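The block underneath contains the structure these notes are about, expressed in structure tokens.
Computed from the coordinates by the stated procedures, all read-outs in this text should not be read as laboratory data. In this analysis, Cβ positions are derived from the backbone assuming ideal geometry, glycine residues included, and neighbour counts consider all displayed protein chains.
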Amino acid sequence: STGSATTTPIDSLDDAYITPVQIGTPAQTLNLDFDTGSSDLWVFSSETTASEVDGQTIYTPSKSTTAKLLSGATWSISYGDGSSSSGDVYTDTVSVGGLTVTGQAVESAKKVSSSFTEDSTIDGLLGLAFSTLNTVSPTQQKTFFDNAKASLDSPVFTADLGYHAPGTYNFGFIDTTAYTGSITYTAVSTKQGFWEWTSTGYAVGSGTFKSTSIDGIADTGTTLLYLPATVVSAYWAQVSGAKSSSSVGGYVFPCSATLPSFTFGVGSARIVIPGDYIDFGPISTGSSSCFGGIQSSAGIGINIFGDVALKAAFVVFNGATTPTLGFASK
């Protein structure tokens, strides 16, 4: 089997991407944030505290003939940006882009943090990291990908995120029309539950390439590119007037700037992030100070190849017995 679904930016900045997901019988379609940095499929639901729902579409298990309470199971998750959610668990039929999993754990939110409530466009998350990170207790549950894997034509999914445009998540096949040149594959460590890999270095603009190992995670659920402070300083030093602002929470730059590109290494291959991808617009409405898309990972504890990086590539998440990651230009 295979699946193919379009993923669409939630706003003009590509702050995140939503993908329609069919849950239950008859289908209830919710728009989920596919997140290769976590491993819980959770949804706004009929059980979510009413004051914490503001415009989201909810899953109502009582209206699904295939929903079953997973008795005794609870979940609770905290994300890198400080947001959180928790609740109980149902199993139900879940389909993404024509690919159907029966008995998928659907984690029903009883509580969500303000960040989630305030984003009316995201109805929940669909985790695509390794199932060892799944938070369901006392019986850990598998991700949608892990459940689908054996049925897939090939044990892979791909992320093809758009810049200010829709893109695609495919399951079970590599669309050879969706990228240019060849795909370069690189080793993955699953020790921390993430799609963790080592970039071979970077360049700023038309500058020379610096060969240096940068360990980090491929994380579709993180907006920006978080890298070591040395690398980030070298980038922003090429933008007149750019500075790190403790009050804003990162590097800002004059909105009048033309940003240089940023290149990262994948083995001997190179992925180029155009400068425009690094612009996240005014820090507040009407400001001439703009927020940068490359930020320091210092104090996160991990480097994160978020959407800013990933949307510059066609990315293969290879879930073979020994997982790997592939990157191609597009």
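Each residue, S256 and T132, gets one label point 7 Å from its Cα in the Cβ direction; the gap between the two is 5.2 nm.
A straight chain from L69 to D15 at 0.36 nm per residue would run longer than the Cα-Cα distance by 16.1 nm.
Measuring nothing but how far apart in sequence close Cα pairs (under 8 Å, 6+ apart) lie, relative to its length, the chain scores a relative contact order of 19 percent. The calculated FRET efficiency for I302 paired with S268, based on their beta-carbon distance and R0 = 35 Å, is about 0.90.
The separation of segment 29-69 from segment 221-268, counted between C-alpha centres, amounts to 35 Å. Seen from every direction in turn and averaged, the convex hull around the alpha carbons of segment 175-330 projects onto 9.8 nm². A simple spin-label model places the labels of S287 and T190 4.2 nm from each other, with each point 7 Å out along Cα-to-Cβ.
Using the rule -39500 (n - 2.57) for each DSSP H run of four or more residues, divided by the residues of the chain, the 222 nm mean residue ellipticity is -1500 deg cm²/dmol.
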